[PDB]
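Peer 1: Sharing the initial chains of the complex here, in place:
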Amino acid sequence: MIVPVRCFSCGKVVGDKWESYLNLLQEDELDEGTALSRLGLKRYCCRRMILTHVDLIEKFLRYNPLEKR
Amino acid sequence: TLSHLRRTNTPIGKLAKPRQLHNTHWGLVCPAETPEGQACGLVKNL
Amino acid sequence: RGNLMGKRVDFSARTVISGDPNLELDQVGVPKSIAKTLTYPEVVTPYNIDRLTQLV
Amino acid sequence: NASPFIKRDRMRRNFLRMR
């Protein structure tokens, strides 16, 4: 629902590359493969972590908080 | 949930063969989506 | 048929089976929780007074 | 050999480029 911290297979930290992955797609107009290779994800185990991730936390954040401070 | 909302049921005491996938089922019910149990062929999905 | 010819019994266990090439042919790998639940009543003898005392 | 990729973002971009 949010980007995993580490790649499942090898353990490379991919959780810090998610926000820069979206920038490479929306304002640099790169295709997904070049955006993955630019971030340093050269193993397809790491590439499937970012490429196949679904950001379901954005849908969860549209609901109003139950306990609002 | 999507499969449950498009599920059909055929109540079964006749001499027909309602469990087999008929020719006329093309494009109307799924050719391979049915329970493996006693409801095989009787429960169909659109 | 449901109560005399067959019936539910005590001292029985059920879980998923998995393969183990490192077990013997006549060996079953029993979970430790299932082993702690299931019991055998061993009669106390001079041959097993010490082991049964330790188990108690 | 046909391309075995569902690439629908780039076709949306192309169709918006026609518009």
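Peer 2: Cool, the structure landed. Residues are numbered from 1 along each chain as shown, chains lettered A, B, ... in the order given.
Peer 1: mind checking the SS state of residue B:8?
Peer 2: Put simply, residue B:8 is strand when judged by DSSP: H, G, I helix; E, B strand; the rest coil.
Peer 1: residue nearest the centroid of the chain?
Peer 2: If you meant another chain, say so; for now it's chain A. residue A:18 (3.3 Å; C-alpha atoms, centre = their mean).
Peer 1: I'd say it and residue A:53 touch.
Peer 2: Yes: using C-beta atoms under 8 Å, residue A:18 is in contact with residue A:53, at 7.2 Å. (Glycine included, C-beta is placed from N, CA and C.)
Peer 1: list the residues that contact both of these two?
Peer 2: residue A:3 (C-beta atoms under 8 Å, 6 or more residues apart in numbering or on different chains).
Peer 1: How about residue B:10: what's its closest non-neighbour residue?
Peer 2: Once flanking residues are discounted, residue B:10 sits nearest to residue B:42: 4.6 Å by C-beta to C-beta, 6 or more residues apart in numbering or on different chains.
Peer 1: how many neighbours does the one you found have?
Peer 2: Counted by other C-beta atoms under 10 Å in any protein chain shown, the residues lying close to residue B:42 total 16.
Peer 1: any idea how far the residue nearest to the spatial centre of chain C is from residue C:48?
Peer 2: Taking C-alpha atoms, centre = their mean, the centroid of chain C lies closest to residue C:38, which sits 5.0 Å from it. From residue C:38 across to residue C:48, the span is 19 Å (C-beta to C-beta, to the nearest Å).
Peer 1: now do residue D:6
Peer 2: 70 Å.
Peer 1: So for those two, which sits in the more crowded spot?
Peer 2: Legend: neighbour count by other C-beta under 10 Å for residue D:6 and residue C:48, higher for residue C:48 (13 against 7).
Peer 1: throw chain E on there as well:
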Amino acid sequence: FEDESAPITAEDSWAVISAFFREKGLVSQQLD
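Peer 2: Below is chain E, added to the chains above:
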């Protein structure tokens, strides 16, 4: 594209399918 009356391909029909699911949805029979 350039020709309005050109015949469609197998790829174009998915657009038609999209229009179907833009109007019916997957539970259209129950609601109807």
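Peer 1: back to the neighbour count of residue B:42, now that we've got chain E?
Peer 2: 16.
Peer 1: what residues are up against it?
Peer 2: Contacts of residue B:42 by C-beta under 8 Å, 6+ apart are B:9-12, B:18-19.
Peer 1: what's the spacing between it and residue B:12?
Peer 2: From residue B:42 to residue B:12 the distance is 6 Å (C-beta to C-beta).
Peer 1: So what does the residue of chain C found nearest chain B look like in phi/psi?
Peer 2: Residue nearest to chain B within chain C: residue C:16 (19.3 Å; C-beta to the nearest C-beta). Main-chain dihedrals, residue C:16, degrees, to the nearest 10: phi -70, psi 140.
Peer 1: and it, what does it touch?
Peer 2: With the criterion set at C-beta under 8 Å, 6+ apart, residue C:16 makes contact with nothing.
Peer 1: residue of chain A with the smallest distance to chain E?
Peer 2: residue A:59 (18.8 Å).
Peer 1: and that residue, what helix or strand is that in?
Peer 2: Using DSSP states H and E, residue A:59 falls within helix A:57-60.
Peer 1: And for residue 26, the neighbour number?
Peer 2: Picking chain A for this. If we define neighbours as other C-beta under 10 Å, then residue A:26 has 9 of them.
Peer 1: Switch to chain C, please.
Peer 2: 5.
Peer 1: After the helix or strand where residue A:33 lies, which helix or strand is next?
Peer 2: Element membership for residue A:33, per DSSP H and E: helix A:32-38. The C-terminal neighbour of helix A:32-38 among helices and strands, as given by DSSP H and E, is helix A:44-51.
Peer 1: all strands for chain B, in order.
Peer 2: Ranges of strands within chain B are B:7-9, B:43-45, based on DSSP state E.
Peer 1: include chain F too:
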Amino acid sequence: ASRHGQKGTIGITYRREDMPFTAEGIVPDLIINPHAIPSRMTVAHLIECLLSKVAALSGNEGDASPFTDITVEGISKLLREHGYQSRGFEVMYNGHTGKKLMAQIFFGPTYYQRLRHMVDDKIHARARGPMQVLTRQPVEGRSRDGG
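Peer 2: So, slotting chain F in with the rest:
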């Protein structure tokens, strides 16, 4: 289970240093048996793994729709263009010793589903417990400490 009727339970879990590894250091998340393939004739599992490998290497999600003109040879050509063996095999190494396996291993991403059958919701034992009111036999159901 995979998306092809290939269900099964976890026999054992190995850590990363015990799993086989490729020359790129990639270890599987999952090892399934070859003997599940030929009798079940699940070719689409293999094509799905090959297409998913090409998809992950290229960054474009694979078109796995049924009646399209997508062949195994096209996916194999695309995989060879990425510098891998065209049929999905990879030279793997034994994790216990570091030696190369004599047979090369089919390797790649595959979509797997976690089914709702857990062992912890199914493990059950009863030495003694409550009895039924009528027959005075052990009750039914693991939630009631049944027999």
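Peer 1: back to the contacts of residue C:16, now that we've got chain F?
Peer 2: So residue C:16 contacts F:9, F:117, F:119, F:122-123 (C-beta under 8 Å, 6+ apart).
Peer 1: Leaving out sequence neighbours, find the closest residue to it.
Peer 2: In space, residue C:16 is closest to residue F:119, 4.9 Å off (C-beta to C-beta, 6+ apart).
Peer 1: Pretty sure that neighbour sits against residue C:31.
Peer 2: No: judged on C-beta under 8 Å, residue F:119 makes no contact with residue C:31 at a distance of 9.1 Å.
Peer 1: For the two, list the residues in contact with both.
Peer 2: Residues touching both residue F:119 and residue C:31 by C-beta under 8 Å, 6+ apart: residue C:15.
Peer 1: count of neighbours near the residue of chain C at minimum distance from chain D?
Peer 2: Taking C-beta to the nearest C-beta as the measure, chain C has residue C:19 as its residue closest to chain D, at 36.2 Å. Residues lying near residue C:19 (other C-beta under 10 Å) number 10.
Peer 1: From residue B:28, how far out is it?
Peer 2: 43 Å.
Peer 1: same question, residue E:22
Peer 2: For residue E:22, the distance to residue B:28 equals 22 Å [C-beta to C-beta].
Peer 1: Repeat that for residue F:63.
Peer 2: Per C-beta to C-beta, residue F:63 is found 26 Å from residue B:28.
Peer 1: who has more neighbours, those two?
Peer 2: More crowded of residue F:63 and residue B:28, by other C-beta under 10 Å: residue F:63, with 15 against 10.
Peer 1: So which residues on chain D come close to chain F?
Peer 2: D:1-7 (C-beta under 8 Å from any C-beta of the partner chain).
Peer 1: just those now: which is nearest chain B?
Peer 2: Nearest member of those to chain B, counting by C-beta to the nearest C-beta, is residue D:6, at 19.8 Å.
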